[PDB]
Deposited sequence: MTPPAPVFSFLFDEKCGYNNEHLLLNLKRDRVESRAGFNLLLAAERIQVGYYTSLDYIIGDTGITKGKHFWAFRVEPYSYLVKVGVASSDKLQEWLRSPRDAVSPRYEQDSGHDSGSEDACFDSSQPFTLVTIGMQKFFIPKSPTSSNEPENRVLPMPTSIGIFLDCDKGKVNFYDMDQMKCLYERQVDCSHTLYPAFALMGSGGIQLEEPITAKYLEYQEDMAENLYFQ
């Protein structure tokens, strides 16, 4: 099953209390960018050594309680440090100011590289800690099995797979630090339906 599950449709939650000094949502709320922001840059003469840069989290606007759900996104290749995965409401309150009984999961992206958190319970063959960043990354959350899988959509290949606690509501979760960007992707099937609509509604005579 190419997308292993039904495509889960959502947008970035403008109301989750994200840090809007450092994170900017685009007009559709389907892209988030990390920025230094005005307060830092207007005070930049004071910075000669460095600065404590917060990791700024944001979640999707729609929760998962049950079932199998898939979604995909593009991380900007230049991104300093980005995390992507899932998080329960409990964990979110910390971030927003055995594996199976851990209620979140994140992989780290940066420098156009995908970082595999760990490989336990799989001695088969030495696996890379660093992979090239896929132009498009997929997540499959299976609440029945309590598993989350991360996919390189360029190669159609699972990169990482982990037990996760689904006893409570889970949200698509993201975090950005330094400059970076994440764009939520729509399946090509959505594009072909958009085209039908544009031709049906918006094709006039001269």
property: Deposited residues absent from the coordinates (by C-alpha); result: 98 to 121
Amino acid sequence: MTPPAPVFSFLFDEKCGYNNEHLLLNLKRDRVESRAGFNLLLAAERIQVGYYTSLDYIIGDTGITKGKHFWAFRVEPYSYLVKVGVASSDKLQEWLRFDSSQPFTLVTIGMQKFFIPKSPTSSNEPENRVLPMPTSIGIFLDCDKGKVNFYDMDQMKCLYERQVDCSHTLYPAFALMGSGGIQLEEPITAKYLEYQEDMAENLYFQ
From here on, numbers count along this sequence of modelled residues.
| property | result |
| --- | --- |
| Per the entry, higher mean C-alpha B factor between 176 to 184 and 140 to 148 | 140 to 148 |
| Per the entry, higher mean C-alpha B factor between 7 to 15 and 187 to 195 | 7 to 15 |
| C-alpha B-factor winner, where the candidates are 83, 91, 129, 113 | 91 |
| Selection from 108, 100, 135, 79 [criterion: highest C-alpha temperature factor in the record] | 100 |
| Chain-relative CA temperature factor third for residue 156 | highest |
| Ranked against its chain, the third holding the CA B-factor of residue 165 | highest |
| Residue 29 by Cα B-factor - lowest, middle or highest third of the modelled chain | middle |
| Third assignment of residue 37 from its chain's C-alpha B-factors | lowest |
| Third of chain Cα B-factors occupied by residue 47 | middle |
